[PDB]
Amino acid sequence: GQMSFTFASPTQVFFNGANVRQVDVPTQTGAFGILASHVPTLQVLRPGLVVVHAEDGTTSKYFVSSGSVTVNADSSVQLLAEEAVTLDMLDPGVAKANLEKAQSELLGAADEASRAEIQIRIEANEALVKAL
Amino acid sequence: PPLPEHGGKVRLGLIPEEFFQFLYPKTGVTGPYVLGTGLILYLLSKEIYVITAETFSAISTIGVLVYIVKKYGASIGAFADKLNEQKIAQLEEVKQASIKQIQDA
Amino acid sequence: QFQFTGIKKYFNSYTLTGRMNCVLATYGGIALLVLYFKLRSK
Amino acid sequence: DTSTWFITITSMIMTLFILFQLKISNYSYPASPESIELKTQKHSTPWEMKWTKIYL
Amino acid sequence: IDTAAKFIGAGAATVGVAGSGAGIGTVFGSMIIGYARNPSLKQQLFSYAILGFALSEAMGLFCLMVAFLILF
Amino acid sequence: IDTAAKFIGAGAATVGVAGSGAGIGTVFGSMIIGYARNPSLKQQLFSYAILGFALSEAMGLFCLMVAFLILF
Amino acid sequence: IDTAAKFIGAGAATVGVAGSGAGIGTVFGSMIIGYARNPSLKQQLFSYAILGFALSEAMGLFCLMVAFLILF
Amino acid sequence: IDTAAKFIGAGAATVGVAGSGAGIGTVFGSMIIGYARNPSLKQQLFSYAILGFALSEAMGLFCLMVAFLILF
Amino acid sequence: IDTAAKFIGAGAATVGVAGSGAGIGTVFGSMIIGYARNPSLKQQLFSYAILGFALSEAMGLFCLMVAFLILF
Amino acid sequence: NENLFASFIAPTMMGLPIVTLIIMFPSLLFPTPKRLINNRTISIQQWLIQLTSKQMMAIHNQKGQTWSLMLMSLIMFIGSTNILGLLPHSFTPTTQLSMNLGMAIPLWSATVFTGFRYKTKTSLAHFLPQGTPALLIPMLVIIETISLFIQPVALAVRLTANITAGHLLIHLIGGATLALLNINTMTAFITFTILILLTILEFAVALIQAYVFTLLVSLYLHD
Amino acid sequence: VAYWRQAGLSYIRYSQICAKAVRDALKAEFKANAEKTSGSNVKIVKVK
Amino acid sequence: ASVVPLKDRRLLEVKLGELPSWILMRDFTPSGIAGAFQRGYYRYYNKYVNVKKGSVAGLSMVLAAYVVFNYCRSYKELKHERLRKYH
């Protein structure tokens, strides 16, 4: 109650000043739930789906890629994300194939930071399939 | 809890009237009942023989199995639901099978 | 007899390790010995 | 109670695992039914490809 | 020898009923760290504590009858 | 002579439950701080409260099993 | 006198499970909170609690085996 | 009466293995809560639990070997 | 009779090493969730780990010297 | 001095009547149909298997999946023979400690001989955990082998000891009702304690998950 | 701290890769909006 | 005597729970769809009414038979009866 939820891509806007009681965000260092008076933090995101529960009967299943959640002192949040798409624009069939090919290059990485780049890529496709 | 003790006590006023309306069903059997009084003696004679022991936990394992008969009237849907869900798949399959064969000809 | 050929493909698959009741038989048969012995000495 | 002597039940337990491997062995899996619809689709498609090669 | 045997079986049983006090230290205490992250107070949050508070006391008042079972 | 030894061997056997009087105090205090972070209680988080409860009461009550056998 | 000291001899050794009787409460109160933060239980995050339970309920019945071998 | 103290002495001496019961319930539960935040288990994360298991186990079987050596 | 009081108290003292078995579990348990955030391990994490280990021992070993003092 | 509890002193008897009838009887509670659509009482038995066959399958994911069609027969037997005995005067075969020492050891030693017929070196080179430090090799391989042979005793004794522990509190809390010809208010509260305790004694299903599963972990780890 | 930490990376270098994978899992219809953003047009000029 | 006890269960199955399918039994399968549960009903009082697709009176007769069969073995041990009858 008496909350404000803002959800904006760089090119488009989903929510402006319209809050619905519960926001589920995948944090880099875990996960949380916004109880509309949550103790305020400054967190950053991991690849994972955002399921905003509208009042409105049902929920809203978005899927962010990397953004920033700023819940602040007054009861108001500002969730800004880079690639915030829904579910139906994605195809599951291409997401299955992209996993094991990046696992195949993981053994074939000679350097230490180039192999660390491969570990970033397999994590994002892992949250891709399990969200589907 | 002040409100919860009356909530069973309002159920105590509720169960005494529901037992009274159930006592009205036996008042409708004041004349026409010839079933129980044939067999109420064998449970009165054998209870005069041996049947008392440390088995008041006989009723409570038969009392809990009465509460599951409540949810069993919803188990017909799940059981029923399983059959219907099972039924839809074959129906989809025959139709799917039929269209492919005809159009290939 | 037909309590065999329904599950005969299963048996020689896993009774190679599963049918080792001899250790149960030895740990059983020795467990017979101490109880006849204590009643012998009463 | 602290019973004794053990020559009993354990020989009457492995006769029971001839029963339970008889009943439960005749069950049906819902998933196997979704697999037979896949191979029927690829066979007539290759048969149509055999008919397309009968054209081409 | 009769009243000697009874009482030191009774006092040594009542040690176990403060053996569940150390659990409701955690039950009533770990409500604090949950309430500060999220103030959804009259939700199942305080009510899950009652499922903790009276189930952990249910092992506390467990042994207390067993002590009075050997009082007599 | 062993009539007291019937008692204290039962009277000492009962305080081994005093672990599990606190051990379920952990798993209910540790659930609310697993819940206030993530309100999805109808999922497997509550199902790990009862299996943790049952596996702790499985090691709870059978310590009182050795209590009665020393008595009876 | 051989019988009576056995009766209190197994009574003190009953409470060896009281360490495992609440040590199984912690590890099953630490997967309620490790599944809450990161839902990946189907990998290592459940098999590290049963492997936590096997190597901690190895020591609950470990001591009651001694309380039997002092009795008979 | 000399063997009577041989039996009740190992009765409380194996209560010291219960301390390796509840003390191992944490260090296997702390590899739950601290695994999800950082998946690097094949590095020294699992290796500092095996040191944490074994050297916590060494004070378990040491208080077992007292109960043998007090009796014989 | 002199051996009666000696053989109980030697077992009655070595329950004091059980509490050292509890406090040694957290020190290899909190270092698991301590290092999991912050991989600066070769620095004063492990140096604060070994000091924490060998200090809880000295509250367990100090009773053990007193435990052998009872026998002699 | 208001409410004086009573007790009755009576022997609690786990006798041994004719067992080989009582073992066979929870087989005929489950039928098996030779039909496509079934008859709405097998159909909720057939669904109940297709749940928990999808949890002892998912972990293994090997060619050790052949073993798993047996492990769901092991869950229905002691799932049933622990649930039948809650009735008034019935008798459970898993009360006696005899057969459980024949359920552990022919299954537990079927696991250590599974990798020893295929791997022959690295099955019990699982005794080597990590990148070996020096001061604790002998302190380790006397510990991780004494916690291996505990496992058959750890698997059977955990089942017999708490199943019978349920039956005594059924009697003793129940028998204190019968001998409560003192003040009649407290009779109901002991009865209400019983009908809660009988709900807790449907954790006799919950204690069969903790027998098939720590048989899987004791199979998955070795193989 | 993670594997992209302590190896010498930046959070933009993290955020470039995990957002690029979402633009590869899109369909043929919404591939043009992945071509729309595609912000590789700024050149680099350092004097040495 | 084996065909005697085997024809007892095949009569106490196909009547009162639950008469399966596999045609050559197809109309015999719907014979259990109405069910003889209306015949099995009248014994308790009315209350176990949920027997429609989860059938209580089909199952709760075997479990009522297995109780009174095990009351016979226990009878020798828990005698307790005086030189009279009870209330």
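Rules used throughout
- Residues numbered from 1 in each chain as written, not as in the entry; some residues may be left out.
- Chains lettered and ligands numbered in written order.
- Part of a larger assembly, values for the part shown.
- Heavy atoms only, no water.
- Residues with missing side-chain atoms left out of burial classes, pairs and counts.
- UniProt positions renumbered as here; feature names shortened; annotations may be inferred.
- Helix = DSSP H or I, 4+ residues; strand = E, 2+ residues; numbered from the N terminus.
- Rg over C-alpha atoms; globule rule 2.2 N^0.38 Å.
- Buried < 20%, exposed > 50% of the residue type's maximum accessible area, 1.4 Å probe, protein only.
- Pairing = 2+ DSSP bridges.
- Contact = heavy atoms within 4.5 Å.
- Nonpolar A, V, L, I, M, F, W, Y, C, P; charged D, E, K, R; others polar.
- Axes fitted to C-alpha atoms, helices over the stretch in contact; angles between N-to-C directions.
- Parallel < 35°, antiparallel > 145°, perpendicular 65-115°, else oblique.
- Salt bridge = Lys/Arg side-chain N within 4 Å of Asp/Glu carboxyl O.
- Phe/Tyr/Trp six-rings, centres within 6.5 Å; stacked < 30°, edge-to-face > 60°.
- Polar contact = N/O pair within 3.5 Å; in protein donor to acceptor, adjacent residues only side chain to side chain.

- Judging from the entry metadata, cryo-EM is the method by which this structure was determined, and 6.2 Å is the reported resolution.

- The PDB entry lists chain L under the name ATP synthase subunit f, mitochondrial, with Sus scrofa as the source organism.
- Its PDB title, taken directly from the record, is "Cryo-EM structure of the mammalian ATP synthase tetramer bound with inhibitory protein IF1".
- Quoted verbatim from the Sequence similarities field of the UniProt record, the comment on chain L reads "Belongs to the ATPase F chain family."

- In the nomenclature of the PDB entry, chain K corresponds to ATP synthase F1 subunit epsilon from the organism Sus scrofa.
- Regarding chain K, the relevant UniProt record gives this comment under Sequence similarities (unreviewed entry): "Belongs to the eukaryotic ATPase epsilon family."
- According to the UniProt record, the Subcellular location (unreviewed entry) comment for chain K reads "Mitochondrion inner membrane".

1. Things to note about the overall build of chain L
Okay, step 1: When you go through chain L residue by residue, the secondary structure sums to five helices and zero strands.
Okay, step 2: Mapped in sequence order, the helices and strands of chain L form the string α-α-α-α-α.
Okay, step 3: Taking 12 Å as the expected radius of gyration for a compact globule of 87 residues, we find that chain L reaches 18 Å, considerably beyond that expectation.

2. As for the overall build of chain K
Okay, step 1: The helix and strand inventory of chain K stands at two helices and zero strands.
Okay, step 2: Each principal axis of the C-alpha atoms in chain K carries an extent, and together these give about 40 × 35 × 10 Å.
Okay, step 3: Residues classed as buried in chain K amount to 27% of the 48 residues present.

3. So, the sheet that holds strand β9 (residues 77-81) of chain A
All names here are of chain A.
Okay, step 1: Spatial strand order, β2-β1-β9-β8-β5: five strands in an open sheet with mixed pairing. The open sheet has two edge strands with one neighbour each: β2 (13-15) and β5 (42-44).
Okay, step 2: Sheet analysis places strand β1 (residues 7-8) next to β9, joined by two bridges and oriented parallel. If you follow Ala8 over to β9, its bridge partner there is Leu80.

4. Concerning the interface of chain F and chain G
Okay, step 1: Tallying the contact residues gives 33 residues for chain F and 31 residues for chain G.
Okay, step 2: If you list the elements that add at least two residues to the side of chain F that touches chain G, you get α1 (2-11), α2 (20-35), α3 (44-61) and α4 (65-71) of chain F.
Okay, step 3: No other element matches the eight residues that α2(F) contributes to the side of chain F that touches chain G.
Okay, step 4: Grouping the constituent residues of the side of chain F that touches chain G by class yields 17 nonpolar, 13 polar and three charged.

5. Thoughts on the pairing of β9(A)
Residue and element names in this part refer to chain A.
Okay, step 1: Two strands pair when backbone bridges link them, and strand β8 (residues 67-71) and β9 are joined in this way by five bridges, in the antiparallel orientation. Paired with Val71 across the two strands is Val77, which belongs to β9.
Okay, step 2: Counting the residues between successive antiparallel strands, the hairpin from β8 to β9 contains five residues.

6. Quick word on the UniProt feature "transmembrane region" in chain L
Okay, step 1: Here the UniProt feature "transmembrane region" sits at residues 61-78 of chain L.
Okay, step 2: Segment residues 61-78 of chain L splits into 67% helix and 0% strand. End C-alpha atoms: 25 Å apart.

7. Brief notes about the packing of α2(F) against helix α2 (residues 17-27) of chain G
Okay, step 1: Contact pair α2(F) / α2(G): the axes reach a minimum separation of 7 Å and the direction vectors enclose 5 degrees. On the basis of their axis angle, the class for α2(F) and α2(G) is roughly parallel. Residues F:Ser20, F:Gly23, F:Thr26 and F:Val27 of α2(F) lie in contact with α2(G), whose contacting residues are G:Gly21, G:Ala22, G:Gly25 and G:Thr26.
Okay, step 2: The residue inventory of the contact of α2(F) with α2(G), partitioned by class, reads two nonpolar, six polar and no charged.

8. Here's the deal with the arrangement of the chains
Okay, step 1: No other pair among the 23 pairs of chains in contact exceeds the contact count of chains F and G.
Okay, step 2: Nowhere do chain B and chain C come into contact; their C-alpha atoms are at least 27 Å apart.
Okay, step 3: Between chain C and chain K there is no contact, and the shortest C-alpha to C-alpha separation is 44 Å.

9. Some details on the pattern of salt bridges
Okay, step 1: One salt bridge connects K:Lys27 with A:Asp91, and the closest N-O pair in it is separated by 3.9 Å. Taken together, the positions of K:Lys27 in the loop between α1 (11-20) and α2 (32-37) and A:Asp91 in the loop between β9 and α1 (92-107) put the pair across two chains.
Okay, step 2: Where F:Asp2 meets F:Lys6, a salt bridge forms, and the shortest distance between an N and an O atom there is 3.7 Å. With F:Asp2 and F:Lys6 both in helix α1 and four residues apart, this pair spans about one turn of that helix.

10. Observations concerning the packing of aromatic side chains
Okay, step 1: Seen in terms of ring centroids, E:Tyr48 and F:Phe46 are 5.7 Å apart; in terms of plane orientation they differ by 50 degrees. Their pairing is tilted. Of this pair, E:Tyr48 sits in helix α4 (residues 44-60) while F:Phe46 is found in helix α3, placing the two residues in two different chains.
Okay, step 2: Arranged with centres 4.6 Å apart and planes meeting at 25 degrees, the rings of J:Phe25 and L:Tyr66 form a pair that is stacked. Of this pair, J:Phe25 sits in the loop between α1 (19-22) and α2 (43-52) while L:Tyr66 sits in helix α5 (residues 62-73), on two different chains.
Okay, step 3: Chaining the aromatic ring pairs together yields one cluster made of A:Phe5, A:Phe7, A:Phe14, A:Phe15 and A:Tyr62.

11. Some remarks on unusual backbone geometry
Okay, step 1: The peptide bond linking L:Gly17 to L:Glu18 adopts the cis configuration, its omega dihedral lying at 10 degrees.
Okay, step 2: Relative to the elements of secondary structure, L:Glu18 occurs in the loop between α1 (3-14) and α2 (28-34).
Okay, step 3: Its identity as a non-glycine residue notwithstanding, D:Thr4 has a phi of 160 degrees, on the positive side.
Okay, step 4: Along the polypeptide, D:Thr4 turns up in the segment before α1 (16-23).

12. Topic: the side chain of J:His222
Residue and element names in this part refer to chain J.
Okay, step 1: Assignment of secondary structure puts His222 in the segment after α9 (206-220).
Okay, step 2: Polar side-chain contacts of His222 include one of 3.5 Å to the backbone oxygen of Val112.
Okay, step 3: In this structure, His222 is in contact with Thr111, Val112, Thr114, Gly115, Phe116, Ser123, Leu124 and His126, ignoring residues within four places of it in sequence.

13. A short note on the pairing of strand β7 (residues 59-64) of chain A
Residues and elements named next belong to chain A.
Okay, step 1: Here strand β6 (residues 48-53) pairs with β7 via six bridges, running antiparallel. Its bridge partner lying in β7, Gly48 is registered against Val64.
Okay, step 2: Here β6 folds back onto β7 in antiparallel fashion, the turn holding five residues, of which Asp56 has a positive phi close to 25 degrees.

14. What to know about the environment of E:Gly52
Okay, step 1: Along the chain, E:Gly52 falls in helix α4.
Okay, step 2: In sequence terms E:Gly52 and E:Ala18 are 34 residues apart; their C-alpha atoms lie 16 Å from each other.
Okay, step 3: Setting aside anything within four residues of it in sequence, one finds E:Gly52 in contact with E:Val27 and F:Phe28.

15. Some points on the environment of J:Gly85
Residues and elements named next belong to chain J.
Okay, step 1: As for its placement among the helices and strands, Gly85 is situated in the loop between α4 (73-80) and α5 (97-100).
Okay, step 2: Between the C-alpha atoms of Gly85 and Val157, which are 72 residues apart in sequence, the distance is 19 Å.
Okay, step 3: Apart from the residues within four sequence positions on either side, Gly85 is in contact with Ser90, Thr92 and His167.

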